[PDB]
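First comes one chain, alone, set out as structure tokens in the form deposited in one PDB entry.
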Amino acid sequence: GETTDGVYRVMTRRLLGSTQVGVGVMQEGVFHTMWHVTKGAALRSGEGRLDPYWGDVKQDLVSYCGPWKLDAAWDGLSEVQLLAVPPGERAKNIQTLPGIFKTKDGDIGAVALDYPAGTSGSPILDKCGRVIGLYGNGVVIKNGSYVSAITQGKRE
């Protein structure tokens, strides 16, 4: 149905009324979201249908209609923008300087902005406008707030 490049809301009519479950990026005819939002289930776009193509629970990523297309990366120095799309609220660019998630397999960028779980899948952008990762997978810190990793896939 709607294949225009841009940011989209992921909704469901299974609960009370229409409930936003997450967010995702349409780019090059591919819908990119976080796995925990759809669980790999098929999506609807008006009268059309989006079937999953690639998915991975550990990476917590999933693509629809084709392979992952997002390949930009955080440079480790520059500030970034979280294009937060919160439930029932308009899309909004929040600029921040990310922290680091230090792991046994390497370091990852991390946005320390707190948002409802339904914001999951919101793109994190660089100054060029390129999607460098997705918001929605991180941790709950000492003060109860959420710090999300900058989760990026691999382009083949």
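Start at 1 with the first residue shown and count on from there.
Not pictured, yet referred to below: the form deposited with a small molecule bound.
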Look up in the bound PDB entry whether residue 42 has a non-hydrogen atom within 4.5 angstroms of the small molecule, and give yes or no. yes
Given that the small molecule is not shown alongside this chain, does residue 51 nevertheless sit within 4.5 Å of it in the bound PDB entry, heavy atom to heavy atom? yes
Can you tell me whether residue 35 touches the small molecule? I mean in the bound PDB entry, with a 4.5 angstroms heavy atom cut-off. yes
